[PDB]
Amino acid sequence: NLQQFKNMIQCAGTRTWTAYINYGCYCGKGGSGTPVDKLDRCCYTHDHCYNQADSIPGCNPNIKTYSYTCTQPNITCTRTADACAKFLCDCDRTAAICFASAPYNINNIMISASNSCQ
Ligand SMILES: [Cl-]
Ligand SMILES: [Cl-]
Ligand SMILES: [Cl-]
């Protein structure tokens, strides 16, 4: 679920989910071209992860509630038997950690309409 992803982000990192709304070519809705940096790669993977979650029965990325715990900065996915939840918590956990470890190039906010996302 998207609110759980929002919370994972600020669990694992200093930057909240709003930092990422407008970043690079892939962070936020949609995406085209080459991911510009490490962080843009994080979003590119996550983007594809959510897309691959539709291939699991009864699985929607935005609405699917899973089980996780946050021991700041640590995220733990609790689900084993529920494959959709297990998969989805993983997409989200992977990205929250990816976002936290990746450098934030302020130079790469607001570029989606430039020649770099081409
Ligand atoms: Cl999309
Ligand atoms: Cl498939
Ligand atoms: Cl379905």
Side-chain angles (χ1 to χ4, degrees):
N1 136 313
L2 205 54
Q3 207 254 355
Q4 298 180 297
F5 183 42
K6 286 179 180 171
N7 282 114
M8 278 197 184
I9 292 167
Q10 63 182 60
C11 180
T14 320
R15 284 157 277 151
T16 69
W17 71 277
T18 64
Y20 303 105
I21 283 167
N22 35 29
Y23 195 91
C25 302
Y26 288 87
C27 302
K29 176 82 166 57
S32 310
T34 304
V36 289
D37 57 14
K38 212 165 100 145
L39 181 52
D40 211 9
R41 281 190 271 283
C42 300
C43 293
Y44 163 92
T45 293
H46 183 261
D47 195 28
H48 270 98
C49 207
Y50 268 23
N51 189 41
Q52 285 160 36
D54 277 60
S55 282
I56 306 161
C59 206
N60 190 311
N62 321 297
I63 78 188
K64 223 289 152 176
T65 306
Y66 48 75
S67 312
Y68 81 103
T69 172
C70 172
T71 312
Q72 202 167 284
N74 302 281
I75 302 156
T76 290
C77 297
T78 290
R79 301 261 176 157
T80 293
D82 187 339
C84 168
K86 170 184 197 180
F87 183 92
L88 225 32
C89 186
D90 201 74
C91 295
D92 288 355
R93 171 176 200 270
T94 301
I97 298 159
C98 197
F99 289 179
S101 310
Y104 194 94
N105 302 299
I106 60 172
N107 330 89
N108 292 330
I109 312 158
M110 298 192 277
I111 52 153
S112 67
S114 86
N115 61 87
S116 48
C117 300
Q118 215 75 56

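We're numbering straight along the sequence, starting at 1.
- Considering all non-hydrogen atoms of both residues, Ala53 and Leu88 come closest at CB-CD1, 3.6 Å.
- The line from CG of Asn1 to OG1 of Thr65 is 5.0 Å long, rounded to the nearest 0.5 Å.
- Without hydrogens or angle criteria, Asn60 side chain to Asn62 main chain gives a donor-acceptor distance under 3.5 Å.
- If you take CE on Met8 and SG on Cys77, they are separated by 4.0 Å, rounding to the nearest 0.5 Å.
- Considering CZ of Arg93 and SG of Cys11, their distance stands at 9.5 Å, rounded to 0.5 Å.
- For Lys38, the side-chain contact (heavy atoms from CB on, under 4.5 Å) test picks out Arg41, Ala102, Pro103, with sequence neighbours left out.
- By the ring-ring contact (aromatic ring centres under 6.0 Å, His included) test, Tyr44 is found to be paired with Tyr26, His48, residues two or more places apart in sequence or in another chain being considered.
- Ring geometry for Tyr68 versus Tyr66: interplanar angle over 60°, hence perpendicular rather than tilted (30 to 60°).
- Between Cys43 and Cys27, the SG-SG separation falls below 2.5 Å.
- For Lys86, the NZ atom sits in a loose shell: 12 or fewer heavy atoms of surrounding residues, nucleotides or ligands are nearer than 6.0 Å.
- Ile63 belongs to no hydrophobic cluster with other residues, because no ILVMFWY side-chain heavy atom falls under 4.5 Å from its own, directly or through intermediates.
- For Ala100 against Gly13, the heavy-atom pair with the smallest separation is CB-CA, 3.7 Å.
- By the criterion of side-chain heavy atoms lying less than 4.5 angstrom apart, applied directly or through intervening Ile, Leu, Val, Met, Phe, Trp or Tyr residues, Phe87 is not grouped with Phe5; the two fall into different hydrophobic clusters.
- By the neighbour-count criterion of 12 heavy atoms within 6.0 Å, atom CD1 of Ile106 is sparsely surrounded, having that number or fewer from other residues, nucleotides or ligands.
- Cluster annotation: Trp17 is connected to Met110 through the hydrophobic network of ILVMFWY side chains, with a link wherever side-chain heavy atoms come within less than 4.5 Å.
- Here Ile111 contributes atom CD1 and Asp40 contributes atom CG; the two are 6.0 Å apart, rounded to the nearest 0.5 Å.
- When all heavy atoms are compared, the tightest approach of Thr34 to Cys25 is O-SG, 3.5 Å.
- Residues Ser67 and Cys89 come closest through the heavy atom pair O-SG, 4.0 Å.
- Using modelled atom types and a 3.5 Å distance limit, the side chains of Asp92 and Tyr50 yield a donor-acceptor pair.
- Counting heavy atoms from C-beta outward, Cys84 and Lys64 have side chains that approach closer than 4.5 Å.
- Across all non-hydrogen atoms, the minimal contact from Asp82 to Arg79 is OD2-NH1, 3.2 Å.
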*Tell me, with the steps shown, if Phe99 and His46 meet ring pair (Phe, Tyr, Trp, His ring centres under 6.0 Å).*
CA-CA 11 Å; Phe99 289 179; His46 183 261; 7.1 Å; no

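- With a 4.5 Å cut-off on side-chain heavy atoms, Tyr20 and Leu39 count as touching.
- In this structure, CD1 in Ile9 is found 9.0 Å from CD1 in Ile75, a value given to the nearest 0.5 Å.
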